[PDB]
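What follows is a short report on a single structure.
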Ligand SMILES: [Cl-]
């Protein structure tokens with residue numbers, strides 16, 4: 001259940017804008033077997049700003065009826081989206097993903113090369129679109145790595161919408177209240193965007209991004225472990241509530257003006273009341289109503305593959321599949337010693353069925369594959385797994 005958020009203050013500097021080009025992964029939900037129905041995924045992550053174009057291709061032809069996830073972002077404020085389609089692969093039918101973004105000068109194509117504690121978070125993204133109407137407002141709510149609501153200001157009838165089966169039982173006063181909070185926050189974000197543009201002497205002709213996150217973490221007993229509330233402008237920290245839930249950290253002079261305004265208005269006190277009360281209380285409720293899924297950890301299915309590169313070298317890839325929640329640690333060791341330097345780690349990616357996937361790769365002198373073991377830490381495993389190349 002949401003909280004009404006404060007407005008950034010109107011007012012030095014000209015600002016600064018972070019741009020991040022998308023990381024792209026194309027993969028199937030399950031290990032692909034010709035003739036068996038499956039899902040083809042294109043996961044784009046780590047990008048900023050949020051406008052992006054993603055197509056799935058089948059033998060170079062764009063696939064129609066591709067669906068995608070609701071816009072959300074990671075702790076560094078960068079965005080991620082999953083695009084996916086049901087399909088049946090063959091041995092020569094070809095699939096790929098084509099991505100365009102402001103950071104690219106031509107569309108980028110990557111082919112399908114088949115070779116305890118809990119948290120609640122709400123994420124908000126507002127993006128102005130000068131000359132093209134009001135800002136786009138999208139907000140999603142998560143319990144751990146399970147999305148349970150979305151609000152999109154561009155929907156035909158913008159409303160808080162259920163996205164997990166255990167939230168559907170909430171009554172109409174719940175949907176009414178949270179829809180109202182979203183609609184109000186839409187307008188608050190519009191004012192924040194206006195005030196921020198003024199603070200940095202920025203033109204009304206340019207697009208800017210205002211992101212908000214808040215939420216709470218609880219232990220196994222249900223007590224509040226900590227609360228969060230952070231804001232970002234154009235992809236960088238702007239102001240954040242400190243862990244004491246009583247003071248702010250402001251990134252620059254303009255944010256200090258917001259800090260002084262929110263101190264005078266006792267915003268931190270209102271957020272503390274929410275985080276210690278409503279937030280933890282509803283999270284505890286959701287965990288009980290969704291216990292069959294939210295409180296079941298799925299351990300990873302793991303295996304190691306061998307990929308020869310040269311005579312004197314080869315790549316070992318350690319795979320983890322079908323795990324929930326997304327938090328996982330994969331580490332390669334040589335004679336038990338972590339190979340921090342030479343390991344390649346991809347971003348953890350959704351399979352599309354609530355579970356997640358990840359791999360870790362290390363380059364090895366051929367003939368010495370046996371001195372290397374992969375080391376998997378996950379909440380669903382009583383203690384770490386170790387695997388060797390067999
Ligand atoms: Cl993250």
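A quick note on method: Cβ atoms are made from the backbone with ideal geometry, for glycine too, and the neighbour counts reach across all protein chains shown. Basis: the model, the stated rules and, where named, an outside source; none is laboratory data.
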| task | Being out of contact with any strand residue (DSSP E or B) (no Cβ under 9 Å at 6 or more places or on another chain) and part of a loop (DSSP other than H, G, I, E, B) is the filter; apply it to the stretch 223-266 and report the residue that is surrounded by the most Cβ atoms within 10 Å (Cβ to Cβ). | result | 265
| Search result, residues across the stretch 44-71 that are within 12 Å of the chain's Cα centre (by Cα), surrounded by 20 or more Cβ atoms within 10 Å (Cβ to Cβ) and within 14 Å of the ligand (Cβ to nearest atom) | 45, 47
| task | Taking residue 139 as the residue in question, decide whether it is more than 16 Å from the ligand (Cβ to nearest atom) and outside any loop (DSSP other than H, G, I, E, B). | result | yes
| query | Do the conditions hold for residue 89, that is, is it surrounded by 14 or more Cβ atoms within 10 Å (Cβ to Cβ), outside any strand (DSSP E or B) and not assigned by TED's automatic domain parsing to the domain that holds residue 280? | reply | yes
| query | Which condition does residue 363 not pass, out of (1) surrounded by fewer than 20 Cβ atoms within 10 Å (Cβ to Cβ); (2) not in a strand (DSSP E or B), if it passes all the others? | reply | (2)
